[PDB]
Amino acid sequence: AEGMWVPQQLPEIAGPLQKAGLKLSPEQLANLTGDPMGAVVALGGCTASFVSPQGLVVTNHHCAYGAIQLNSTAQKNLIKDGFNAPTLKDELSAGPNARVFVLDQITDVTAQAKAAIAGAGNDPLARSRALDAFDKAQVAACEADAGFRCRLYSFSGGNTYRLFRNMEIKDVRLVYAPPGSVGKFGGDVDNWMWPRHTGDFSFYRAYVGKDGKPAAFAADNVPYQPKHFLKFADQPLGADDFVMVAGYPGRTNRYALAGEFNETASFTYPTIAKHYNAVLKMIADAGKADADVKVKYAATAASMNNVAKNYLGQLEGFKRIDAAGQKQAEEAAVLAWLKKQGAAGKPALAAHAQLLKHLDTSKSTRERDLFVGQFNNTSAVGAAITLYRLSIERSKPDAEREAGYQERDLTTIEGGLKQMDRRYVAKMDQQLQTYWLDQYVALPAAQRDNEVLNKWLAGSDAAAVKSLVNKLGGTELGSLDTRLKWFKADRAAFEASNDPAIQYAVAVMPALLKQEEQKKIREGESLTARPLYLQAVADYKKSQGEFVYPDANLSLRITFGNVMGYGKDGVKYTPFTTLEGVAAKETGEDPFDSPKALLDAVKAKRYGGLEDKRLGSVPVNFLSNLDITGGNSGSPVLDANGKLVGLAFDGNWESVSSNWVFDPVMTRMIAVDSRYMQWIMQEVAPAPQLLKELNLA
């Protein structure tokens, strides 16, 4: 079924859910801290779920990837080898910034947020500051009890605001990863593709202090005891079976204006794909010369591959469905429908006029901003900017500090500085600086008008770039101890440094703060017009019998439908893959280099009691017509009885343009079957202690 339904829309999907084959009362799903919805957790960018009373958490391999990478070295490469913790004390910290978010409460604060905004009258900076102060005050009250972290969400272009309260678990440990040739079988070749044969799962365990409250890693921390956990399905999942997903999809753009879509299609997606593909080649070459570079940059390479291939898919998808035509036609239809209301339609038409005027004056600056932005987000330079910014914010009262730099953010900033140790190699960072400066100096003179960067380059050729990278080469910010000393330092200490990366951050900061202020003014201008125009689009869609649900915004959503394939002329994709398909893709070379134990078990048809007689093999991956996007990876796929039949992990090639224009015919979720997860843990990369804890052995 189309739609990323908020839990508050359960009454509107209760009937469809039952019709599709849900056997739980839709009432049971409305208890968000209950069984089974209370078992679903946010990771921040990924979804997961509790699968044992001792705080065992299951998610995708690609979601645990960052944690696996932090614990990997060139000599002991857990990305390649996998990992298993036979006992609690074998579990590895997933890193200081790893989180498990357990939902505690949702509060609607729409009326209070709208009053905060209205209070600022016609002043857009005051409007931005008023919402910022409201967000901060809601969060501060909601976080007064230790161990909770709150987040304010804006829905439907600012027509609804809800405050979420989570128990914020901060000691997350790696329990189990399959080898990378299972976790990521087919690599970047099969990414965004069906047929799919990827064992995309891994396990964490949540921990808390001995006092029961969230704590950073400590030896005497103990496993979290969740109120609710999911059970692996005992009923074999088949074609046509009801499935549902709860999770945390990040962002969709289905309510974007036509001009927002056209800028993304014509500029953002092709441009990022081009540059990312070039940076990836540079990282791959560096990784061949030094495995330490390969391991340190593996999480960056995986993320950039995934984005660059996604963007290529979206561009092909837009042609497949004529997204530009569809956007143009719907936008024209909304304006005509508003014009038909006369008086009552004028405010939405005015709001549209206002939004339309924001949609440009980027043609001259967008390449500069991309290149300078990327340069500034290289490791040493970005650490310097973050560290200098923090020293500025610390001089203010906490409530006046920039979101991201408040007291509640300090342990996250520090964690970032710590994680950089496992994700930084000076010689690779120098190549990244050189790449992005090269693109900058190639811009026409009118466009290379970053005064500070022009001062530091003193030239616009390869020699000028080499001289600046050579100068920044002298930074001490590669040192974790130096970064942690700068974390505590005052503004004057930064301003006195002869560290070249620090000096660069000090020089660029005034211009960064002004560009940030202009951003907040532009945001404040939209806080009025965006909700009006998006409410009119939603009212129009409702008049056309179209499904009305908010764009994804990182909050909890429910999607549902059934196990089913899809088709193109001459081809029907079947809803399941099987063990034999994994072996048929074997090449003996990454990324089609399955573990020997897998090839041996498939050749022997060692099905481990998990064969689905309807397929004649153990299923591997399955297709369904659910509506998921980035953020949904690791979401539990539940059957009619609320049991875990798999994890969401990807979409097929034709699904990715549904970020902008939903296509029910060719949009499918790709999930890993819970039977494949068990079969891997039985026959290939054994986790006998996990199978015991999951009640599967």
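Only the largest set of C-alpha atoms that superpose within 1.5 Å between the two forms is called the rigid core. The first residue of the shown sequence is 1; numbering continues from there.
Fitting each structure in 4 other deposited structures of this protein onto the rigid core and averaging C-alpha distances over structures and residues, 341-349 emerges as the more displaced of 341-349 and 505-513. With 358-366 and 545-553 as candidates, the stretch whose CA atoms show the greater average offset from this form in 4 other deposited structures of this protein after a core fit is 358-366. The PDB entry records a higher mean C-alpha B factor for 514-522 than for its counterpart among 514-522 and 384-392. The stretch 472-480 shows the higher mean C-alpha B-factor when 244-252 is compared against 472-480 in the entry. The residue among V620, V563, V172, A399 whose C-alpha carries the highest B-factor in the deposited model is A399.
Between the residues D292, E91, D188, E263, it is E263 that shows the highest Cα B-factor in the PDB record. When the modelled residues of the chain are ordered by C-alpha B-factor, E654 sits in the middle third. For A30, the recorded CA temperature factor ranks within the highest third of the chain's modelled residues.
Ranked within its chain, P686 lands in the middle third, by CA B factor from the PDB record. Sorting the modelled residues of the chain by their CA temperature factor places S154 in the middle third. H352 sits in the highest third of its chain by CA B factor, as recorded in the PDB entry.
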